[PDB]
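A.B. asks: Sharing a structure with you now.
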Amino acid sequence: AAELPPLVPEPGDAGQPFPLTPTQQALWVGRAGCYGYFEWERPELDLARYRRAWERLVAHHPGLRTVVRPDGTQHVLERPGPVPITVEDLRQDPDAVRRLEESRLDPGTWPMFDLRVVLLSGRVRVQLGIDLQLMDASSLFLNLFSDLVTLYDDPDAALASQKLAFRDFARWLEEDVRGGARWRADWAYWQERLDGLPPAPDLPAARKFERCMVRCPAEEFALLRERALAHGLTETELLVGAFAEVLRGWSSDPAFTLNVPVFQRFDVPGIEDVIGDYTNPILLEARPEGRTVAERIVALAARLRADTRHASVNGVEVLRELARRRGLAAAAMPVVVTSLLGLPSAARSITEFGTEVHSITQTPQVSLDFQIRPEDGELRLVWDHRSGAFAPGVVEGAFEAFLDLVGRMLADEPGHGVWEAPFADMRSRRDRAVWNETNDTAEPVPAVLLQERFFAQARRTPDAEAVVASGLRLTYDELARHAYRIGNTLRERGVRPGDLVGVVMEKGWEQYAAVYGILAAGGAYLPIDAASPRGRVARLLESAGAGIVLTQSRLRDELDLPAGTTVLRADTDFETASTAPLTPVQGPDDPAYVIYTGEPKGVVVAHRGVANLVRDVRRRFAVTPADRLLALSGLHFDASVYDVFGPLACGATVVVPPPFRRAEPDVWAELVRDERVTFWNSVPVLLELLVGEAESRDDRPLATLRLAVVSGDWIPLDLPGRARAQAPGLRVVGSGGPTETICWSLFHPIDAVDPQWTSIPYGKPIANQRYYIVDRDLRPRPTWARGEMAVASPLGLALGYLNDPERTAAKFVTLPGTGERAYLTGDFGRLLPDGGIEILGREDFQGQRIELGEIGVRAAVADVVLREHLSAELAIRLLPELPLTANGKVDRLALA
Ligand SMILES: C[C@](N)(CO)C(=O)OP(=O)(O)OC[C@H]1O[C@@H](n2cnc3c(N)ncnc32)[C@H](O)[C@@H]1O
Ligand SMILES: [Cl-]
Ligand SMILES: [Cl-]
Ligand SMILES: [Cl-]
Ligand SMILES: [Cl-]
Ligand SMILES: [Cl-]
Ligand SMILES: [Cl-]
């Protein structure tokens, strides 16, 4: 070690100033609330006897007489006044319980505290206010309350000799001890860590103090200690370590720092009788070190003791140097564990004086304060948390978790049970009920093929308008026939079961026949865009191993393809064919399509899953054959798979639009007006453009819309209402999911946009899908907790990535929870308390921008669409229009 200078007690300079301690100084600058409070009920109080005791206390303890000179220093007083106790009298008052309800200071003015007595009929309520600057947690419980009990019992009773008054101790640490033997070798320890220190726990926010607590009885207190010992741990070390596990539950990162203050008086003779601020924040580093709870708790506990062996540097100095190194705001420690365990047994317990009825330490720059403190043989576990520091339920839920962790520790002999269990599930009972309830989406998908359902309908209603395309219409029978024509032809050219027939073409009726024939032939269509570069279209086909290519006659020659790949037009090269039905040869778990998306990978998608989506949307939004869908997404965009297999499988009418490149909302408002369209499906920016052009027209062109499904990007906050403007009765619905999740994998009826939402929600999960939110260990999190979205399903997930079975084996994992095969979407979100998911973006944590902007795009790893208004209500680069991507959406990569 390195011995510390002796304390030099000079009882003469008591009045003359001494400087503020570091803990206290940091408070005396935050004021420009902060004041603890207690309240004990007792049957009958003797104010006379009471008042004397409080005069004695003030007489005796110079700390109850110290004031803060406005110069920043503090001096004792000697003739302070008389103690101001304030009696309120509410005994014959009915609604005494009302006037008593309404309840709740300066170091320049003398009483740093606040005495009160309220006289209800038959019982009395002593109310002690007190200031967080005037003394500390241990001075309060071991000196102030211990003597207030003695002094109330006998105001004249014997009181200890006040050797070496606190002004020296402060003048000692500030001058004599700071700088020397131990302190130099301890400022090394922290300076050699302030770069490895993780930030404070990052819990969920929701963009006064409240209190959960429990009383561990004597019999359970003993066991709690025995359990901590069996691991070579002190109760405070077991509980810090449990509290550390519970926090990782919600924490937005597993490594964080806990302000764990020690109340060390440095073994000084007589000091354990002087009232003052012995507070030293230790910055404990919580990194998870260990495979089990014991292993991690034991490990962290060690780093706490090393952080303790080097205490003579006051944390307020570490906290200040941490702000030097980093930001200031990136250095607060608003999660603290305040343990009074292992201090000396105080003469008297405040419980003797009266039973508590209230108390709330209103610390400043503290959102959560876990207080471990013993009272009359019991351990009082207490969580004072600044209300609204945390999203709803987060703290109340973590307390449930914590109580259960501790619960198990008392239940589980060490080395068994929870102690050697790799993690603990922190999701509360509600967390789980609501998640199961919400994700009980299991429904048999009958093994009917996709084409065999459309055929089935064309024989059911053959006069029906199947496709309507470029004026040139198409009945179900005619489209069924031409598919057969195409189906049979291909199978004759040997399109064996499972082969991939590219459908390289531009928006036309010929696409609906090309797909439904490739399926009947026994294959699986590979859409590629007929607007990609001349070298890309052939590149995707060679990489996928696709021979036959169905195409339109126009721009057949504009297709530099090899000879080993046959090419048929589909508006002509097919008409002398057999309109006689093909017999399905493929199974329902075989591929219906391969849609393509740093290198580009291709998504194999089976029949069953598409079959599942289709017959849910239809049951979700009664899809009658009356409905007429404007099939606007491209066939190489995942968004199309409903337009292909949705309406036709039940009797409705696809309504192809005029091929486009730049979004042409003039034409669409027309085609929607003309063909009486009732079903809109596309990315939100296109259904916005369409609402733009529709609002600026005397007619009601979009008025036949009964249903609009925006998905695939950010559905803007105003958009559900601007559309719901035109055509009252339109029901809006937003969606999404990766192209690896078969078009739409979850739905959120947008009936009513909350103003204070950063984003529209994402959804509840559709049929046969489950949306988990997992930590980095693929474990479900509790509500509000930030995670990656793992979409679990046997029939709702893509089969895999076309050829590469590594990016498949990596992104389609087996969740350790349950065995469910699930897709790691690489999108981050958090569960909501109605069961929904909020979508936070994807690897965007360096993100709520349009949060500020709308109340205009986001930043980048800023762009709006006019003053120097940075932080307007808290590099901007305005732009006329924001740049769309290929399919719509908002091209965040092009922006920087
Ligand atoms: C499947 C689809 N939603 C269209 O229905 C889609 O976008 O296909 P994808 O873009 O090729 O698939 C991968 C990614 O899609 C992103 N995404 C879809 N919807 C989103 C919403 N509403 N908000 C944010 N991102 C969204 C995913 O993030 C996914 O990796
Ligand atoms: Cl009350
Ligand atoms: Cl040590
Ligand atoms: Cl050490
Ligand atoms: Cl709250
Ligand atoms: Cl609205
Ligand atoms: Cl895109």
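Starting from 1 in every chain, residues are counted up; chains themselves are A, B, ... following the order of the structure tokens, and ligands are numbered from 1 as listed.
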Could you please extract the residues within 7 Å of ligand 7, counting only C-alpha atoms and all ligand atoms, and hand them back as a ChimeraX atom specification?
C.D. replies: /A:885-887
A.B. asks: Check every protein, DNA and RNA residue against ligand 6, keep those with an atom at most 9 Å away (counting only C-alpha atoms and all ligand atoms), and present them as an NGL selection string.
C.D. replies: :A and (717-722 or 724 or 750-755)
A.B. asks: Each residue of chain A with at least one atom at most 12 Å from ligand 2 should appear once, together with its nearest atom pair and the corresponding distance in Å (one decimal); atoms considered: only C-alpha atoms and all ligand atoms; ordering: chain, then increasing residue number; output as a Markdown table.
C.D. replies:
| residue | atom | partner | partner_atom_place_in_ligand_line | distance |
| --- | --- | --- | --- | --- |
| A:39 | CA | ligand 2 | 1 (Cl) | 9.8 |
| A:40 | CA | ligand 2 | 1 (Cl) | 10.5 |
| A:41 | CA | ligand 2 | 1 (Cl) | 9.5 |
| A:95 | CA | ligand 2 | 1 (Cl) | 11.7 |
| A:96 | CA | ligand 2 | 1 (Cl) | 10.0 |
| A:97 | CA | ligand 2 | 1 (Cl) | 6.9 |
| A:98 | CA | ligand 2 | 1 (Cl) | 9.1 |
| A:99 | CA | ligand 2 | 1 (Cl) | 10.4 |
| A:100 | CA | ligand 2 | 1 (Cl) | 7.4 |
| A:101 | CA | ligand 2 | 1 (Cl) | 6.5 |
| A:102 | CA | ligand 2 | 1 (Cl) | 10.0 |
| A:103 | CA | ligand 2 | 1 (Cl) | 10.5 |
| A:118 | CA | ligand 2 | 1 (Cl) | 11.5 |
| A:120 | CA | ligand 2 | 1 (Cl) | 10.7 |
| A:123 | CA | ligand 2 | 1 (Cl) | 11.7 |
| A:124 | CA | ligand 2 | 1 (Cl) | 11.4 |
| A:125 | CA | ligand 2 | 1 (Cl) | 9.5 |
| A:127 | CA | ligand 2 | 1 (Cl) | 11.9 |
| A:356 | CA | ligand 2 | 1 (Cl) | 10.6 |
| A:357 | CA | ligand 2 | 1 (Cl) | 6.9 |
| A:358 | CA | ligand 2 | 1 (Cl) | 8.2 |
| A:359 | CA | ligand 2 | 1 (Cl) | 11.7 |
A.B. asks: Applying 10 Å and only C-alpha atoms, which residues near residue 335 in chain A remain after dropping the ones on its own chain fewer than 4 positions away? List them as a VMD selection string.
C.D. replies: chain A and resid 200 to 202 247 256 to 260 365 to 370 385
A.B. asks: Could I get the residue neighbourhood of ligand 1 at 7 Å, counting only C-alpha atoms and all ligand atoms, as a PyMOL selection string?
C.D. replies: chain A and resi 597+637-639+711-715+735-744+762+825-827+839+841-842
A.B. asks: Please dump the current selection as a JSON list (two decimals), in the first residue's frame; keep N, CA and C atoms.
C.D. replies:
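Generated file (part_36.json):
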[["chain", "number", "residue", "atom", "x", "y", "z"],
["A", 597, "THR", "N", -31.69, -9.30, -54.56],
["A", 597, "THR", "CA", -31.44, -8.05, -53.84],
["A", 597, "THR", "C", -29.96, -7.73, -53.72],
["A", 637, "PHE", "N", -39.05, -6.47, -57.95],
["A", 637, "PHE", "CA", -39.33, -6.10, -56.58],
["A", 637, "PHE", "C", -40.24, -7.08, -55.86],
["A", 638, "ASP", "N", -39.77, -7.58, -54.73],
["A", 638, "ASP", "CA", -40.56, -8.38, -53.79],
["A", 638, "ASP", "C", -42.00, -7.89, -53.58],
["A", 639, "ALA", "N", -42.25, -6.58, -53.71],
["A", 639, "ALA", "CA", -43.55, -6.02, -53.36],
["A", 639, "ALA", "C", -44.65, -6.54, -54.26],
["A", 711, "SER", "N", -45.54, 0.01, -47.62],
["A", 711, "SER", "CA", -44.49, -0.75, -46.94],
["A", 711, "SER", "C", -43.19, -0.60, -47.72],
["A", 712, "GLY", "N", -42.10, -1.04, -47.10],
["A", 712, "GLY", "CA", -40.82, -1.06, -47.76],
["A", 712, "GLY", "C", -39.94, 0.14, -47.49],
["A", 713, "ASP", "N", -40.49, 1.20, -46.91],
["A", 713, "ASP", "CA", -39.65, 2.25, -46.39],
["A", 713, "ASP", "C", -40.30, 2.89, -45.17],
["A", 714, "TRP", "N", -40.19, 4.21, -45.04],
["A", 714, "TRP", "CA", -40.78, 4.92, -43.91],
["A", 714, "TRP", "C", -42.08, 5.54, -44.38],
["A", 715, "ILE", "N", -43.20, 5.01, -43.89],
["A", 715, "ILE", "CA", -44.53, 5.55, -44.18],
["A", 715, "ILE", "C", -44.60, 6.89, -43.45],
["A", 735, "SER", "N", -46.92, -1.86, -43.70],
["A", 735, "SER", "CA", -46.46, -3.24, -43.66],
["A", 735, "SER", "C", -44.93, -3.24, -43.68],
["A", 736, "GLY", "N", -44.35, -4.35, -44.12],
["A", 736, "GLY", "CA", -42.92, -4.44, -44.31],
["A", 736, "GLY", "C", -42.44, -5.85, -44.06],
["A", 737, "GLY", "N", -41.14, -6.00, -43.94],
["A", 737, "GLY", "CA", -40.52, -7.28, -43.73],
["A", 737, "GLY", "C", -39.45, -7.36, -44.77],
["A", 738, "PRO", "N", -38.42, -8.17, -44.58],
["A", 738, "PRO", "CA", -37.41, -8.30, -45.63],
["A", 738, "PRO", "C", -37.94, -9.11, -46.79],
["A", 739, "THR", "N", -37.32, -8.91, -47.94],
["A", 739, "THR", "CA", -37.69, -9.69, -49.11],
["A", 739, "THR", "C", -37.56, -11.19, -48.82],
["A", 740, "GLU", "N", -36.68, -11.56, -47.86],
["A", 740, "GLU", "CA", -36.52, -12.86, -47.19],
["A", 740, "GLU", "C", -37.64, -13.25, -46.32],
["A", 741, "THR", "N", -38.75, -12.52, -46.27],
["A", 741, "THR", "CA", -39.85, -12.89, -45.39],
["A", 741, "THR", "C", -41.17, -13.04, -46.17],
["A", 742, "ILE", "N", -41.08, -13.11, -47.51],
["A", 742, "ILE", "CA", -42.16, -13.23, -48.48],
["A", 742, "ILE", "C", -43.11, -12.03, -48.39],
["A", 743, "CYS", "N", -42.83, -11.02, -49.21],
["A", 743, "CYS", "CA", -43.57, -9.76, -49.31],
["A", 743, "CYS", "C", -43.89, -9.12, -47.97],
["A", 744, "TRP", "N", -45.15, -9.19, -47.57],
["A", 744, "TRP", "CA", -45.55, -8.62, -46.30],
["A", 744, "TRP", "C", -45.53, -9.70, -45.22],
["A", 762, "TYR", "N", -44.57, -0.61, -36.75],
["A", 762, "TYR", "CA", -44.25, -1.56, -37.79],
["A", 762, "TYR", "C", -45.41, -2.51, -37.95],
["A", 825, "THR", "N", -33.10, -10.37, -39.63],
["A", 825, "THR", "CA", -33.45, -9.36, -40.62],
["A", 825, "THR", "C", -32.41, -8.26, -40.73],
["A", 826, "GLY", "N", -31.58, -8.08, -39.71],
["A", 826, "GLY", "CA", -30.69, -6.93, -39.70],
["A", 826, "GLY", "C", -31.41, -5.61, -39.63],
["A", 827, "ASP", "N", -32.56, -5.57, -38.96],
["A", 827, "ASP", "CA", -33.33, -4.37, -38.68],
["A", 827, "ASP", "C", -33.61, -4.29, -37.20],
["A", 839, "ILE", "N", -39.88, 0.29, -35.44],
["A", 839, "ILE", "CA", -38.74, -0.01, -36.30],
["A", 839, "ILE", "C", -37.75, 1.15, -36.24],
["A", 841, "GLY", "N", -34.70, 1.43, -37.68],
["A", 841, "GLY", "CA", -33.66, 1.42, -38.71],
["A", 841, "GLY", "C", -32.73, 0.22, -38.62],
["A", 842, "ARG", "N", -31.66, 0.25, -39.44],
["A", 842, "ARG", "CA", -30.75, -0.89, -39.54],
["A", 842, "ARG", "C", -29.31, -0.42, -39.47]]
A.B. asks: So, with only C-alpha atoms as the atoms that count, which of A:72, A:684, A:129, A:94 lies closest to residue 37 in chain A?
C.D. replies: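 Closest to residue 37 in chain A, using only C-alpha atoms: A:129.
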A.B. asks: May I ask you to write as a list in words all residues lying at most 12 Å from ligand 3, with only C-alpha atoms and all ligand atoms counted?
C.D. replies: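 Listed by chain and ascending number, the contacts are residues 1, 186, 189, 301, 302, 303, 304, 305, 306, 307, 308, 309, 310 and 311 of chain A.
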A.B. asks: Would you put the residues from that selection into a file with C-alpha atoms, as a JSON list (two decimals), in the first residue's frame?
C.D. replies:
[["chain", "number", "residue", "atom", "x", "y", "z"],
["A", 1, "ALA", "CA", 0.00, 0.00, 0.00],
["A", 186, "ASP", "CA", -4.56, 5.74, -7.11],
["A", 189, "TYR", "CA", -5.39, 3.41, -11.51],
["A", 301, "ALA", "CA", -17.25, -8.09, -7.79],
["A", 302, "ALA", "CA", -13.49, -8.36, -8.10],
["A", 303, "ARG", "CA", -13.22, -5.21, -10.27],
["A", 304, "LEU", "CA", -15.26, -3.46, -7.60],
["A", 305, "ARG", "CA", -12.76, -4.27, -4.85],
["A", 306, "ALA", "CA", -9.79, -3.20, -6.98],
["A", 307, "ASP", "CA", -11.76, -0.02, -7.63],
["A", 308, "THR", "CA", -12.16, 0.20, -3.84],
["A", 309, "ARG", "CA", -8.53, -0.47, -2.84],
["A", 310, "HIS", "CA", -7.92, 2.78, -4.81],
["A", 311, "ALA", "CA", -10.61, 4.94, -3.23]]
